[PDB]
Every structure is written in structure tokens, then in C-alpha cells.
There are 2 protein chains.
Amino acid sequence: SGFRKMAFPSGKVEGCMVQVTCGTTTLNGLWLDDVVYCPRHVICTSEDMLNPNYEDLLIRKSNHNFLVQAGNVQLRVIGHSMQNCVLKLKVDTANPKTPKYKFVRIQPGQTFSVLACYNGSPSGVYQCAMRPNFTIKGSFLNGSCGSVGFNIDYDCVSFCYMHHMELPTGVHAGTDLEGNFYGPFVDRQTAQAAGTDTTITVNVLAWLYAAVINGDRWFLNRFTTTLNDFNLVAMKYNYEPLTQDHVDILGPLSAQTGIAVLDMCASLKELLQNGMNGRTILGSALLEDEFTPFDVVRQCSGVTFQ
Amino acid sequence: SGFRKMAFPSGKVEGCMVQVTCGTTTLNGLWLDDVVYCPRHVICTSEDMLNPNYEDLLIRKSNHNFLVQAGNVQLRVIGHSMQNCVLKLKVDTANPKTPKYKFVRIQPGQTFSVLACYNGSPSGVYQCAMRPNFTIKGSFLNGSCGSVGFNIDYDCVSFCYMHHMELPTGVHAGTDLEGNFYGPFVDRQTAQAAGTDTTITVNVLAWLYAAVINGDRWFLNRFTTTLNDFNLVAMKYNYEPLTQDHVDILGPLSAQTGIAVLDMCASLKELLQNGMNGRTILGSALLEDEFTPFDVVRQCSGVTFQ
Ligand SMILES: *[C@H](O)[C@H](C[C@@H]1CCNC1=O)NC(=O)[C@H](CC(C)C)NC(=O)OCc1ccccc1
Ligand SMILES: *[C@H](O)[C@H](C[C@@H]1CCNC1=O)NC(=O)[C@H](CC(C)C)NC(=O)OCc1ccccc1
């Protein structure tokens, strides 16, 4: 037993990280088949980035201005192009270590693993949630751009995120691998505005279910509640509204625990109005919202990939 | 910026996980060169495990009773032997994906990444600390035995932990890869006693330094303290005593922040006596102690492996 924030095994993605250089900017790219993907601001200098005209900047570049390195061996750029905020470099060699993969645009509230990279070299892996306001709470330094977020189902790697920028708020913003930002963000060095962040209610419930599965059962109470009775309390506390579709997603967890979902909502309601009184749940003094119901079921049994 | 609990990239270790079967028990083994390492209780039935005579149980086994599988391909056992609580299976083929590696016995307070495995197949990765009482707070289900904990320096994998058992307390116990348990534990299914756990003071300070590096600076105060003045407060709160060698380990973090270490101890003293007053530090309502000073410096800049 036990419950930990768990990332996917990163081996399949490690083999796809390369270094992309152009000017003095170096960052990470993703090498799949004969195409390298990286953030398009690799083509900016430090002055460009305040309001870059990316089309005019890319025009001044040719294939040989793009140095791509995988370890110490290397590809040549036989073509380049811009798709939204990513650059695609067509290269000599198809990556021999290309995993089965898809590109997916994930939804707010879903989680993924981030392989943090510097100079094309993997550095660490951790789990993140796409916040309701389309930011992530990451760990990214200069050079980290082009690090990717992914899920593994099967032997199949679903890439969902490429890192581009840190907002002066301290949280992080990026694109899908077609180069479209999550959220309202643009790739320029300007003060940019994330919305109010809300707590992912269905994730908090799933973690309360994980807590019961693991012996933490004190918060379980006497009360019950209705869906709209709870949703009134949810908006008081900036929790995203709970729907019937959320209830049904929790069905498996409800059936393994024998605790009805709105029995679980009633415990959550009192935690929100009464606090935790200095006690803890799965070793945390806060309500955790970065576990999806699938994360919980995975970890609590299943938990197996090619 | 930002600060997250980060595991090492797991690719090098994924290639070493195999399935070891003997009877109906299946668990994970580690395949390095032509030797497979796994917990010796793979040779027990469900009745043996209450007080197994491992030597007498191993004698009834021969090489062909040990089914070792790496993916779907497979090795033959040309020799077996017991070293402390691990079985070593000499096998046909040297693992083509063997990384450069060493076996190390880590010290209390150090951290490592755990690659959780089931049926020889990697499932997830997360970071753990060896507690002062030689347990870890893990996430392990049935079948997880033989999963390993490791560090990466270089391209060099330092294996330090193999998982064996869950204590009725809920925390986890295991051996080094020479088969010697961390702590007083034995591999039998008996109620077993971990000591009082203490908080790793030097790790908490390192995380407070990480907090200051990342903008969380409210806890920084006015006071100072002496080493033994702090150590009196530390034993009140079951914190391990702070020594001069701990101070010097924190030197780098002190010099990047400009905050003297016993200036940092004074802030920690007031957190311990006054609580956090419902505020948070790096998004946590508790004092975190599973980051070493090296973890902090790694993540806060460096953070790069083969
Ligand atoms: C790409 O490597 C970099 C990632 C930033 C670096 C600091 N923390 C991150 O997540 N992205 C940028 O530098 C980005 C470039 C624009 C053209 C998109 N600008 C940016 O994110 O400004 C925020 C910032 C810059 C430098 C240090 C701290 C924050
Ligand atoms: C090895 O796969 C297994 C790992 C346990 C399984 C449950 N959570 C774990 O960490 N180890 C054992 O089953 C161990 C065998 C002895 C001969 C060492 N016995 C044990 O740990 O008992 C505790 C336990 C057993 C089953 C479920 C929950 C706890």
C-alpha cells in the first residue's frame, strides 16, 4: 500500500531528446521519425523576444543555421517550417529509437509526466496537472524549453505538452505538439495574465478515495449532500463545479470503497468549511488535486506499461 | 524557477528489469551482466513465509526451477546462490543493456528514485528518502518486490535499494543489493518494529533554502540562534541533531542566498514552536524533509545526466 505522486517511466522519451541550436539560443527538441520539433523562439536573439516577428525572423534563417544534436551524433536539416509556435526541422535520419506515439491536446484537469531536459539531455521526471487556467506548476530553468510532457498507455507515448515560458506569476505555460498554446498565452517576453485558478474538484474526491483505500478514514463522516448543495459550497471556495459525469467517472472508486460519491462530497464540504484541524491525509496538510481518478486506480492496482 | 519532487530519468534502469518466477510467486529481478538479483523469498510458498528456513528451502530448488524472463525472451539459470536476503541467478546471456553501475549502501537521510515494477515491467518512478529509522514511505503492492531504488551520477547508476516488505505500520523495508536489510528487519511475515522516526533536520533547512531561492521568504526572520540552543528545540520536536558537518554541507546554499545557516535555524525554530499559521512554503502546509542539499542544488541549477 501507500500513495505517492508517480511519474511514468521515462525511457521511451529519453531516446527522443535532442539539442537544437540556432544563434546563441540552445534548447531541447523532440526527434520523432525524421522530424525535430522545438519552440520557435529558438530563432530569437535576446532583443527579439520582446515583440518578435517570427515570420520575418525565420526568413533570415536557412537549413544550415539549425544545429541539431542527439548525443554527439547529428542530423542535417533538409527542411524547416513553422507550425503555430513550433518549428519542425526535417532531418537526415529517422530516429532509430522512435516509440509508437501520438500527439494529443489534453484537457484541463488531466495529468502528465514532465521530462525536464537541458541541452538535449534528460535531467529529471515528475508529474504535473494542466490547471483549469491552462498553466502548470513546474520546475523549469533557462534552457528547459522544449522539454515535453507525456502519458504512456501501452507501449504508446502520448505527447501532450512542450514547454515555452514562465509567467511572472511563477507558473509555466506551453503548447501542444502542433504548436498551439494551452491558454491565452503568446510567445513573447511580456507580462502575461493567467486567469483565476480553480481547484479540480473531481481530482480531490479521487484522492479522498485513495486516502480511504489506504487507511486514512477520519474525514469520513455522518452527513450527506446534494449535487447543487455541494456546488454552492464549491463556488464559495473556487472549486470547479461537480457534474453528473464526474460522479460516473468516480463510479469505480465508489464501488471499491463502498462510499457513495455524495457521501464523499459531504466529507469534502466539511473539510472546506472546518479545515483539517492540524491533522493530515496521506501525509499532507492540504487538499491535493493533481491526481485524476485514473491515476488513483492505476496506482491502487493495475500500474503496468510496456 | 519552481521546485518539485523530481526523480531521476529511469531509462537506464528500465532495461534491467526482468521477471523471476519460482513456484507460484513471481516478482522482479535486476539483470546486470550475466547475473539476476531478486529477493530470496521468491522461493517461499504462502505458508513458508511465517518462519522460512531459507537454506533448507533453496536446497529443494535447482537451476531449472527458476524461470527468468526479460520481456518475452529469456535466460537460463546456470547457477544459483543466496547472498544474505537476495538470490543471485547466474544466467546464459549478459544483459546487452547493462548500464555502468555500482552497488552502494546509502546512509539515513539520503534520497533515491524508485522504479516501481510489476511482473518485470516498469510502472512508475518517484523519489524516496531513507528515513532515520531505515524505512521508506513508498507505494508498493503485491508483486512489487524486487523493484529497485537508485541514483544516477554520470552515466553511472548507483543501485542502493531492493524492495522486500511492507510493515504493518504501512511503511516499507528492503535491502541493499548485497542483500543486507536496511534496519533491524528480517524477511519473514511477522509483526516488525520500526523505531521512532525523526525528521531530517539538514534536509528541512535545504528545503527552506530552496524556498528562499524561489521567492517564498516570509518565514525569514529577525532572530538568530546557537547550535546547541537549536539542538535543544530539535529534540523537543524529534528532529535529528544538527552538527557542524551539516552546517558545512549547507555552505553552498548559504552562499547563494546570503542567509547564514543559524539565521536559517532561527526561522526553523519559530516555525516549529509557532506553526505556519495556515500559510504555505513552496505550496506545502508541512515542513518537507525529503530533499537533500544536493537535491536542492541539482534542481536549482546543474540538473544534467548522460
Ligand atoms: C525557454 O528555455 C525559457 C524557459 C523559462 C526560463 C526561465 N524559466 C522558464 O520556464 N523560456 C523563455 O525564456 C521565454 C522566451 C519567450 C520568447 C517565450 N521567456 C520567459 O519565459 O520569460 C520569463 C523568464 C525568463 C527568464 C528567467 C525567468 C523567467
Ligand atoms: C513482495 O512483493 C511483497 C511486497 C509487499 C506486498 C504488499 N505491500 C508490499 O510492500 N512482500 C511480502 O509480501 C512480504 C514477504 C515476506 C516473506 C518478506 N510480506 C509482507 O510484506 O507482509 C506485509 C503485507 C503483505 C501483503 C499485503 C500487505 C502487506
Side-chain angles (χ1 to χ4, degrees), chain A residues 1-6 107-111 127 129-133 137 195-302, chain B residues 137 139 141 170 275-280 283-286:
Chain A
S1 81
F3 204 72
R4 297 285 325 267
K5 186 156 320 204
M6 196 158 312
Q107 290 287 292
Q110 288 318 116
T111 56
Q127 194 83 344
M130 179 63 55
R131 302 303 308 162
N133 67 351
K137 311 204 152 259
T196 323
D197 203 14
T198 84
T199 305
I200 310 156
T201 304
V202 66
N203 289 8
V204 169
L205 295 168
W207 171 83
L208 287 176
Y209 274 112
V212 170
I213 295 173
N214 276 276
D216 266 299
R217 315 182 131 129
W218 56 262
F219 52 86
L220 277 193
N221 70 11
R222 186 52 225 175
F223 314 71
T224 189
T225 187
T226 83
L227 204 47
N228 294 18
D229 176 86
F230 174 86
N231 276 341
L232 261 303
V233 171
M235 213 36 251
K236 174 122 151 83
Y237 293 102
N238 292 134
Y239 271 58
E240 80 187 23
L242 193 83
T243 71
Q244 183 59 35
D245 187 51
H246 291 153
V247 181
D248 291 331
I249 286 159
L250 290 170
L253 282 185
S254 167
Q256 222 195 260
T257 43
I259 308 273
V261 161
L262 297 213
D263 278 7
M264 200 51 107
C265 300
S267 312
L268 178 54
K269 176 180 190 309
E270 299 261 78
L271 293 168
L272 289 177
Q273 304 165 164
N274 304 288
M276 288 196 174
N277 276 94
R279 308 129 82 197
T280 52
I281 299 188
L282 292 165
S284 159
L286 301 185
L287 295 169
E288 252 301 316
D289 85 334
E290 300 218 346
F291 292 104
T292 67
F294 185 85
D295 301 339
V296 171
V297 163
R298 163 200 172 188
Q299 187 161 165
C300 282
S301 155
Chain B
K137 311 204 152 259
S139 169
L141 308 168
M276 288 196 174
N277 276 94
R279 308 129 82 197
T280 52
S284 159
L286 301 185

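Computation of the quantities below employed the complete heavy-atom set of this structure, encompassing side-chain atoms and omitting hydrogens, waters and symmetry-equivalent molecules. Numbered from 1 within each chain, the chains take letters A, B, ... in sequence-line order.
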Quick check: closest heavy atoms across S254(A) and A260(A), and the distance to 0.1 Å? OG-CA, 4.0 Å

Are the side chains of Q273(A) and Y237(A) in touch, meaning some heavy atoms are under 4.5 Å apart? yes

Enclosure of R222(A) CZ (heavy-atom neighbours >12, cutoff 6.0 Å): no

So do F230(A) and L268(A) actually touch side chain to side chain, heavy atoms under 4.5 Å? yes

So how far is it from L227(A) CG to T243(A) OG1, rounded to the nearest 0.5 Å? 7.5 Å

Return yes if some donor-acceptor pair links the side-chain N/O of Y209(A) with the main-chain N/O of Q256(A) below 3.5 Å, else return no. no

Steps toward side-chain contact (heavy atoms from CB on, under 4.5 Å) verdict (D229(A), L262(A)): CA-CA 10 Å; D229(A) 176 86; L262(A) 297 213; over 6 Å; no

Are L271(A) and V204(A) packed together at the side-chain level, in the sense that at least one heavy-atom pair is separated by less than 4.5 angstrom? no

Is there a side-chain contact between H246(A) and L205(A) in this structure, where contact means two heavy atoms from C-beta onward sitting under 4.5 Å apart? no

If you compare all heavy atoms of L286(B) against all heavy atoms of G283(A), which two are closest, and at what distance to 0.1 Å? CD1-O, 3.7 Å

Within the structure provided, determine whether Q244(A) and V261(A) are in side-chain contact (heavy-atom separation under 4.5 Å). no

Hey, what do you get for CG (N203(A)) to CG (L208(A)), rounding to the nearest 0.5 Å? 11.0 Å

Hey, could you give me the CD1/CE distance between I259(A) and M264(A), rounded to the nearest 0.5 Å? 6.0 Å

Going by an N to O cut-off under 4.0 Å, is there a salt bridge joining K137(A) and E290(A)? no

Nearest 0.5 Å, please: how far is NZ in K269(A) from CG in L232(A)? 9.5 Å

Go through the side-chain N and O atoms of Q299(A) and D295(A) and say whether any donor and acceptor fall under 3.5 Å apart. no

Working to the nearest 0.5 angstrom, can you tell me the gap between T199(A) OG1 and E288(A) CD? 10.5 Å

I want to check something: taking the side chain as every heavy atom from C-beta on, are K5(A) and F291(A) in contact at a cut-off of under 4.5 Å? yes

Shortest non-hydrogen separation from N214(A) to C300(A) and the atoms involved: ND2-SG, 4.2 Å

Quick check on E270(A): does its CD atom have over 12 non-hydrogen neighbours (other residues, nucleotides or ligands) under 6.0 Å away? yes

How far apart are the closest heavy atoms of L141(B) and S301(A), and which atoms are they? CD1-CA, 3.7 Å

Heavy-atom neighbours of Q107(A) CD exceed 12 at 6.0 Å: no

Minimal heavy-atom distance between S1(A) and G170(B), with the atoms involved, is OG-O, 4.4 Å

Is any side-chain heavy atom of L287(A) less than 4.5 Å from a side-chain heavy atom of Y239(A)? yes

Indicate yes or no for a side-chain donor-acceptor contact from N133(A) to the backbone of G195(A) under 3.5 Å, with no hydrogens or angles considered. yes

Is the count of non-hydrogen atoms from other residues, nucleotides or ligands lying under 6.0 Å from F294(A) atom CZ greater than 12? no

Testing the basics here: between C265(A) and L242(A), what is the closest heavy-atom pair and its distance to 0.1 Å? SG-CD2, 3.7 Å

Which of these, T257(A), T224(A), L220(A), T225(A), sits in a side-chain contact (heavy atoms from CB on, under 4.5 Å) with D263(A)? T224(A)

Hey, what do you get for CG (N221(A)) to CG (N274(A)), rounding to the nearest 0.5 Å? 10.0 Å

For the residue pair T292(A) and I200(A), establish whether any side-chain heavy-atom pair is separated by less than 4.5 Å. no

Is there a donor-acceptor pair under 3.5 Å between the side chain of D216(A) and the backbone N or O of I281(A)? no

